[PDB]
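Given next, in structure tokens, is a single chain: the form deposited in one PDB entry.
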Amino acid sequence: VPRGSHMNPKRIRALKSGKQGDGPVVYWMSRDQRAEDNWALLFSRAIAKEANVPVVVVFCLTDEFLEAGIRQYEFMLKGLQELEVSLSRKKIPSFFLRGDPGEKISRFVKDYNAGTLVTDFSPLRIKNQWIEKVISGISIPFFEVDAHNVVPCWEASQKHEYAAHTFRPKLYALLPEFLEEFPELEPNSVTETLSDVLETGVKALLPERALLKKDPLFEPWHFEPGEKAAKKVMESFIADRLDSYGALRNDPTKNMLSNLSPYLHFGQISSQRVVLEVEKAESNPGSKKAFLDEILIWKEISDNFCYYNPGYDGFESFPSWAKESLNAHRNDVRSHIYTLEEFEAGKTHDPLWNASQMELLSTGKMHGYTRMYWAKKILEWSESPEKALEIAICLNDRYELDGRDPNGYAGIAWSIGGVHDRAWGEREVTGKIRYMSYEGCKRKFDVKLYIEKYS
């Protein structure tokens, strides 16, 4: 807990007490891959300044990439190529390790005689597993910093929040303390495996790319990765799209969303930065309220969900009323039953669902509104709730650029299990889970135009 005027100590918490070593401060970067507006890197620099040592950044590439597609890999890697150059300009060296973070981070601390270890915060299961391994294998102090949420996850609330309307008041009460400008990253005054080689080695490791009847389906030109690109996407949203957001956010025929989720997922841009700029923008107040609710309440309540429910991707995490309902309807005759392969290919009877899948396959980002429709029909046309959850998670994390994310698990849990929702009218197969229909969409936007844009 070092000094600093803009260094709120509540953003940091110790994972391991220990004797501070004589070597550099190491920032094990995982979730927040950026140089600007990064509380984890800023704290690491602050601690370094106080101990008269340099700060270095270390990043561990795991074999997880093999589970989810070329498209996520290129986006991350191309971003990291930009990050390395950015950190070089500030005289901050970056090291890239390939292996199990459990093993590799421990050995790096020992070999480079690191004095203090800092990492960013993720509520996902696997990160806590790596952390506990690292703890068992080091002697130096080990700090965690929430660089992803405006209000630190463990400060916003101490329990799983049942609904946004109970969480909203708590989060906004803490905004005045935690919504603050970022100080500039001070360069080092003391002073890696080829990212280009990791790019090729693993891009060839993926022969199972999604193709077409043999042309590849992914279109990489829709989102340019990196920290610079993210800033441009933010500024064009404020300039051109924020004003209309309140009205057109749920019309998938209009590209009127922020398009920030891919950059937000990999932490190439801070949501605190986005919030700071949106707050100062003079736009329609209704649109502001709507957007802020999405990127503050719903984004950060998703971290709450995963942090306090370690089964966040299972039926157990559903609330009792949803479990009772879905259990009661397990034997109901489904009108249609499709396999993972058939959903994946877009071979259902519903042209709207198929179009949603085609947008996902081709762009890597399904519109917000149809994601709800998409997930809920998987529940409707699967043989069991467990199978639906599997299929939804599999397709989401495999094809969404912003997948493998708390927002994904919390969003699928809303669609299928009523997490952060309430009970609705009793139906068959879906019980009391909120229903969405083809006819409903027909009333809210030009379904025909969405279908034709994606075959």
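Position 1 is the first residue in the sequence shown; the rest follow in order. C-alpha atoms forming the largest set that superposes within 1.5 Å between two forms make up the rigid core.
Deposited-sequence gap flanked by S320 and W321: Going from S320 to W321, the model skips no residues of the deposited sequence.
Missing residues, deposited sequence, between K213 and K214 (class: none, 1 to 3, 4 to 9, 10 or more): According to the record, 1 to 3 deposited residues lack coordinates from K213 to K214.
Of 126-134 and 294-302, the one with larger mean CA B-factor: Comparing 294-302 with 126-134, the higher average CA B-factor belongs to 126-134.
Greater mean Cα temperature factor according to the PDB record, 348-356 or 176-184: Higher mean C-alpha B-factor in the PDB entry: 176-184.
Given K90, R334, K232, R371, the residue at which the Cα B factor reaches its maximum: Among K90, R334, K232, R371, the PDB entry lists the largest C-alpha B-factor for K90.
Top Cα B factor in the deposited entry, candidates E227, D120, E316, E84: Of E227, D120, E316, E84, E84 has the highest C-alpha B-factor.
Third of chain Cα B-factors occupied by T62: It falls in the top third of the chain.
For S325, the third of its chain into which the C-alpha B factor falls: Within its chain, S325 is a lowest-third residue by C-alpha B-factor, going by the deposited values.
B-factor third for the C-alpha atom of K377 within its chain: Its C-alpha B-factor, which the entry lists for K377, ranks in the lowest third among residues of this chain.
Chain-relative CA temperature factor third for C441: Middle third.
Chain-wide C-alpha B factor ranking for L260, given as lowest, middle or highest third: According to the entry, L260 has a C-alpha B-factor in the chain's lowest third.
Although not depicted, the form deposited in another entry is the subject of the following passage.
Rigid-core fit between this form and the one not shown, the member of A290, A345, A173, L206 whose C-alpha shifts 2 angstroms or more: Comparing the C-alpha positions, the one residue that moves 2 Å or more is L206.
CA of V197, rigid core aligned, shift of 2 Å or more between this form and the one not shown: Yes.
Cα-Cα trend for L205 and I391, given that in that other deposited form the distance shifts by 3 Å or more: Relative to the displayed form, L205 and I391 draw closer in that other deposited form - a change of at least 3 Å between their C-alphas.
Note on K365-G201 C-alpha separation in that other deposited form, which departs from the shown form by 3 angstroms or more: Closer together, by at least 3 Å.
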